[PDB]
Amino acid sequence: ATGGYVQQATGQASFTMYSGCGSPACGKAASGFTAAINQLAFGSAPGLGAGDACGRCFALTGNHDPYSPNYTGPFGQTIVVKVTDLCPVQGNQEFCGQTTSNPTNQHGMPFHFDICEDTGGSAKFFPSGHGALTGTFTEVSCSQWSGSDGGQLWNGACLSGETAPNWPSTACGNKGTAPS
């Protein structure tokens, strides 16, 4: 995509959870289920504002624990998140360290979603004791996503991906060059 980001509507991803997503990198939080996406897909860098993932909605289905490959479940439910945040390469090498030089993470996944705990998504997705999963993502209309957006945290904040056609398309737009 512009900047050399790797952005596509469907594919394989790994998944983790995080807390404290009230001041996310797109510049608006939201009350529904939300995630951070790895930098190479987010479309921006720390300190550069919103990338083109911002506001887009994705159906996530987890089905495997890569740290316990013979665990057969239970896993969680399919959930629809809105991307509000960035999982940067720096400080997240295992899961979010995809670059144009090395486009998969340690789990061989070209995308990663870090699902925020604060608004309930991670509780629906991860079973107790299995907070890192793999599975798939499928971009969907945000009609599939419950909730509403928070106010603007700063001028330039953007969640306009929430109305866009699926990738390939441009809404908030990418910033800078993808990490290398």
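Whichever C-alpha set is largest while still superposing within 1.5 Å between the two forms counts as the rigid core. The first residue of the sequence shown is number 1, and the count goes up from there.
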Legend entry - Between stretches 110 to 118 and 61 to 69, more displaced by Cα RMS in 5 other deposited structures of this protein (rigid core superposition): 61 to 69
Legend entry - Which of 55 to 63 and 41 to 49 has higher mean CA B factor, as the PDB entry lists it: 41 to 49
Legend entry - Stretch with the higher entry mean CA B-factor, where the candidates are 29 to 37 and 147 to 155: 147 to 155
Inset, instruction - Could you tell me which one of 12, 16, 170, 160 shows the highest CA temperature factor in the PDB record? - result: 170
Legend entry - Peak C-alpha temperature factor (PDB record), options 84, 78, 90, 98: 90
Inset, instruction - Grab the CA temperature factor for residue 106 from the record and place it in the lowest, middle or highest third of its chain. - result: lowest
Inset, instruction - Place residue 122 in the lowest, middle or highest third of its chain's C-alpha B-factors, as listed in the PDB entry. - result: middle
Legend entry - B-factor third for the C-alpha atom of residue 8 within its chain: lowest
Legend entry - Chain thirds of CA B-factor: placement of residue 70: highest
